[PDB]
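Below is one structure, written out as structure tokens; comments come after it.
Computed from heavy atoms alone, side chains included, the values below leave out hydrogens, waters and symmetry copies. Here is how names work: the chains are called A, B, and so on, in the same order as the sequence lines, proteins then strands, and each is numbered from 1.
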Amino acid sequence: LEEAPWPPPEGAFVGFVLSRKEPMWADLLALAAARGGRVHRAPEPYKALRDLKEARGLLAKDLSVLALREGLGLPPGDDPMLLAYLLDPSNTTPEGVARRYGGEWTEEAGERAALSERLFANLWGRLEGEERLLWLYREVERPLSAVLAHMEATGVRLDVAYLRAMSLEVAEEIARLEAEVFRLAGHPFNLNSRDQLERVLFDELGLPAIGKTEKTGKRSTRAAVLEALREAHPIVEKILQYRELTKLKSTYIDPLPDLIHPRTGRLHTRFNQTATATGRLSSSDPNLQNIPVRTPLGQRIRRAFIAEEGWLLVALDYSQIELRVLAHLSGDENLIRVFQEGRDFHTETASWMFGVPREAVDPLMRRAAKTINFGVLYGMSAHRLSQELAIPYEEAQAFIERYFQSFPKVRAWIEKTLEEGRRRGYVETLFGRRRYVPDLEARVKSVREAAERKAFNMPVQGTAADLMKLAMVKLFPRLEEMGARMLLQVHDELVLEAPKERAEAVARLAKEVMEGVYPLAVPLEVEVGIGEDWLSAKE
DNA sequence: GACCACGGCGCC
DNA sequence: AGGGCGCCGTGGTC
Ligand SMILES: Nc1ccn([C@H]2CC[C@@H](COP(=O)(O)OP(=O)(O)OP(=O)(O)O)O2)c(=O)n1
Ligand SMILES: [Mg+2]
Ligand SMILES: [Mg+2]
Ligand SMILES: [Mg+2]
Ligand SMILES: [Mg+2]
Ligand SMILES: [Mg+2]
């Protein structure tokens, strides 16, 4: 390319180099642009950022985030990564995408700009005639990138003092548990080491080993194994409690307070748009899609996610979302009839599990029923079902049998989906998002069957993901107009922040947008709460 | 200081 | 031998 002075003309493709992967934390080391057979390198990258009207190119959203951090409105546009990800969601990295579609991902901005341009040309060619994938690009993924950039740059407020205090408290309880474990083992060892614990439990204390690990075939110490040994030796209960607390402390209580950004005073995640096989988003650095919620100890951590002063959080969660999608995709008249009748499958299963009326089911019980319902749907074994329900193996089988006999069109939809996957090499969502699943004709049964479970899950999880994305795209402009913010997405949930004076209206509107995004054969239902913190906003 | 593989486990 | 993720500490290694 011809070297030309900065700035580039409008419409140019950008290349950029960051000091680290997180745009909210990165130094912008270099910036360049390419168009029309020319490359333009910025003498000073931060100054030069002001000259761009759009971020067009590889990882455009990341540059947009850094621009927003600096007070600039630089929306992301075309990004070859999104085209590639739609063609095949195994396309998750710029290294891999460049090699597959025509170049090399280097560490120089001018080269990255030129690469972006040529990758765009080639990948745009590949999507010609792929009308459904093009619709996803234009109506979902490209506009969504701008939404994600605003979410990332906005961040969420954290009660740091509350978590710092919690660390001190949890440490004392951890020490009580470890001391007891070491007393019972008769010696000290590294309780965080699963290899050392294995030896202590199964060789020294002579407890029965129940299961093996996946890759290395050691005797497992996982919670399901420990649960089955709780009455076999008092050490087991202590270990379970120790793991609960150390998990909370090491993963959430200690790390999160140290990640407050010095300028925003908030915590900033990354919402990765080309990271999953199904079309879901993921969140990283830190992951805010797995903040604890199940146990009362984990719940305390959610209290730390708070609204700005004078604002409230608004939490919206699609009800029974994948079950509704399955009713639409399969066309099962009976499953559709459940949602037309306003019933709740999770509550119904919980009533059975715990042996109480529907009205006696509490939130803890209902949540427990979710793993069972989704587990069974996507191929859980009778053995495992019998294990985490503490019931005979026989009535676990029968429960699985009763499940599929109630909704006949589901088995048929599974069989069609799998034959299509074998024939075409991919399965697809309602909107035509694809996942290639090559091991569907593997001759090793366990491998083949695992591939089948991946394959028929994807249209369901992926259609739910497509719906949530479309809802975000539609909702975002409306929030902006009301002076509200979108903070987090957690797969089938959104967390917004609204001024107190507007929070009730924002909740009503966001519910409506989410319910009406793309009607199915069954209504979509959304539960919405408002509160000072994330725990209170979901109650 | 890092990379990776693993087991383990937090959420959806 | 439920599906999708990312992060922990350990262990091995460079
Ligand atoms: N153990 C789980 C939990 C969740 N999911 C997937 C399927 C539903 C989706 C969203 O999770 P939830 O909101 O917790 O499930 P829900 O059915 O929408 O329940 P709720 O009515 O409480 O929102 O995630 C899953 O595959 N396995
Ligand atoms: Mg407040
Ligand atoms: Mg839900
Ligand atoms: Mg949810
Ligand atoms: Mg390091
Ligand atoms: Mg490596």
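- Listed in residue order, the members of residues 199-220 of chain A having a heavy atom less than 4.0 Å from DNA chain C are A:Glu214.
- Pucker assignment for B:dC4 gives south. The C1'-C2'-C3'-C4' angle has a negative sign.
- Between A:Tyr252 atom OH and B:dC11 atom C1' the separation is 7 Å, expressed in whole Å.
- Residue contacts shown for A:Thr246 are absent, as no nucleic acid heavy atom lies under 4.0 Å away.
- For A:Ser381, whose side chain is taken as the heavy atoms from C-beta onward, the closest listed nucleotide among C:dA1, C:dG3, C:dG2 is C:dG2.
- Atom P of nucleotide B:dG10 and atom CD1 of A:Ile253 are separated by 12 Å, given to the nearest angstrom.
- Here the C1' atom of nucleotide C:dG11 and the CZ atom of A:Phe189 are 17 Å apart, to the nearest Å.
- Note: CG (A:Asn373) to P (C:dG3) measures 17 Å, nearest angstrom.
- A sub-4.0 Å separation between OP1 or OP2 of C:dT10 and a side-chain N or O of A:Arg194 is absent.
- With no hydrogens or angles considered, no side-chain donor-acceptor pair links A:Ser193 and A:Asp195 at under 3.5 Å.
- In this structure, a donor-acceptor pair under 3.5 Å is absent between the side chains of A:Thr278 and A:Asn457.
- A salt bridge does not link A:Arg303 to A:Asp159: none of the charged side-chain nitrogens sits closer than 4.0 Å to a carboxylate oxygen.
- Sugar pucker of B:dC9 is south, as judged by a negative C1'-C2'-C3'-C4' dihedral.
- Taking only side-chain atoms of A:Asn287, from C-beta outward, the nucleotide of B:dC11, C:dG4, B:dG10 with the closest atom is B:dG10.
- C:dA1 and B:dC6 are spaced 15 Å apart, taking the P atom of each and rounding to whole Å.
- Taking each heavy atom of A:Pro292 and A:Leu248 in turn, the nearest pair found is CG-CD2, 3.5 Å.
- In terms of modelled atom types and a separation under 3.5 Å, the side chain of A:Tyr252 and the main chain of A:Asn290 share a donor-acceptor contact.
- C:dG12: sugar pucker south (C1'-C2'-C3'-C4' torsion negative).
- With 3.5 Å as the limit, one finds a donor-acceptor pair spanning the side chains of A:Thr347 and A:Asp344.
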Should A:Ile391 and A:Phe399 be marked as a side chain to side chain contact (heavy atoms under 4.5 Å, CB included) after you check the CA-CA gap, both sets of side-chain angles, and the distance that decides it?
CA-CA 11 Å; A:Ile391 57 175; A:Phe399 177 95; 6.0 Å; no

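- Between A:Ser283 and the phosphate of C:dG6, there is no side-chain N or O to OP1/OP2 separation shorter than 4.0 Å.
- Using a 4.0 Å heavy-atom distance criterion, A:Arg435 is classed as a sugar-phosphate-only contact.
- Ranking C:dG9, C:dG4, C:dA1 by closeness to the A:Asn192 side chain, first place goes to C:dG9.
- Here A:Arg222 does not reach the OP1 or OP2 of B:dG8: none of its side-chain N or O atoms lies under 4.0 Å away.
- Proximity of A:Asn457 to the phosphate of C:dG4: no side-chain N or O atom is located under 4.0 Å from OP1 or OP2.
- Remark: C1' of C:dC5 and CG of A:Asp492 are 14 Å apart, rounded to the nearest angstrom.
- Within the cation-pi definition used here (under 6.0 Å to the ring centroid, within 45° of the axis), A:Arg219 does not qualify as a partner of A:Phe202.
- Contacts between residues 392-416 of chain A and DNA chain C, counted as heavy-atom distances below 4.0 Å, involve no residue at all.
- Nucleic acid contact class of A:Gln196 (heavy atoms, under 4.0 Å, all strands): sugar-phosphate only.
- Within the structure, side-chain hydrogen bond (donor to acceptor under 3.5 Å, both in side chains) pairs that include any residue of residues 226-245 of chain A comprise A:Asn192-A:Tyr242, A:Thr221-A:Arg243, A:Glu227-A:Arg230, A:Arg230-A:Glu237, A:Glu237-A:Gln241, A:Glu244-A:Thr295 (at least two apart or interchain).
- The base of C:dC8 does not come close enough to the side chain of A:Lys247 for any donor and acceptor atom to sit less than 3.5 Å apart.
- Atom NZ in A:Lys370 sits roughly 16 Å away from atom P in B:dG10 (whole-Å rounding).
- Using the sign of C1'-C2'-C3'-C4' as the criterion, C:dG9 is classed as south-puckered.
- Straight-line distance from the CG atom of A:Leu245 to the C1' atom of C:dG9: 16 Å, rounded to whole Å.
- Nucleic acid contact class of A:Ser446 (heavy atoms, under 4.0 Å, all strands): base.
- Side-chain atoms of A:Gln461 and A:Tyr378 form no donor-acceptor pair, as typed in the model, at a separation below 3.5 Å.
- Between the base of B:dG10 and the side chain of A:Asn290 there is a donor-acceptor pair shorter than 3.5 Å.
- In this structure, A:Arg243 does not reach the B:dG8 phosphate: none of its side-chain N or O atoms is under 4.0 Å from OP1 or OP2.
- Rounded to an integer number of Å, the gap from CG of A:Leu281 to P of C:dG4 is 16 Å.
- Within the 4.0 angstrom heavy-atom criterion, no nucleotide atom of any strand lies near A:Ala465.
- Checking A:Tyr403 against A:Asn373 by side-chain atom types alone, no donor-acceptor pair falls below 3.5 Å.
- Within 4.0 Å of A:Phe456, counting heavy atoms only, lies no atom of the nucleic acid at all.
- Checked by atom type, the side-chain pair A:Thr276/A:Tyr85 shows a donor-acceptor distance below 3.5 Å.
- Listed pair A:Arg384 / C:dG2 meets the phosphate criterion, a side-chain N or O lying under 4.0 Å from OP1 or OP2.
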